[PDB]
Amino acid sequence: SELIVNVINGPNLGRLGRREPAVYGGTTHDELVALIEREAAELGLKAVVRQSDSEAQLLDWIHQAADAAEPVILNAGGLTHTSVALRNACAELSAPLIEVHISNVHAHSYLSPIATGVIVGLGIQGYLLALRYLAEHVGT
């Protein structure tokens, strides 16, 4: 069966493509969802791509990915340097966790120390590169 991958975007990402397109790119979150779904499907993956500004909703999704042993690509957005609850929930995942940021945040994520790996600064392509890693490192 095709590998289910959850792609979770946190606060601010709802404004992707609308807010500061000269910094984070012109692609909207809707277009990002479609691009990720297409590329995942090409790789034999099923991407479940969601955005929320609610910490509670993000935790809720992470908990389901934990129980289901499904990989997660997480861009915590505005919660990246603030939510300990996200860190704590992600610590319970039993499949890979790839943290992704569009911009190079380094120019102290709670998530990075507990993620499998991290991709930052590579734009929206970072999500696609994370998919390609998972396609090669998680089996069906």
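The first residue of the shown sequence is 1; numbering continues from there.
S.K.: I'd like to know the size of any gap between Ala107 and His108, counted in deposited residues with no coordinates: none, 1 to 3, 4 to 9, or 10 or more.
M.R.: Per the record, 4 to 9 deposited residues are absent between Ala107 and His108.
S.K.: So, looking at the entry's B-factor column for Cα atoms, which has the higher mean, 121 to 129 or 15 to 23?
M.R.: Comparing averages over the C-alpha atoms only gives 15 to 23.
S.K.: Pick between 43 to 51 and 25 to 33: the one whose mean CA B-factor in the entry is higher.
M.R.: Comparing averages over the C-alpha atoms only gives 25 to 33.
S.K.: Return the residue from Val100, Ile114, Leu58, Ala95 that has the highest Cα B-factor in the entry.
M.R.: Within the set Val100, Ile114, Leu58, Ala95, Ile114 shows the top C-alpha B-factor.
S.K.: From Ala76, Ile73, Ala65, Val84, can you pick the one with the highest C-alpha B factor in the entry?
M.R.: Among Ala76, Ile73, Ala65, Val84, the PDB entry lists the largest C-alpha B-factor for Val84.
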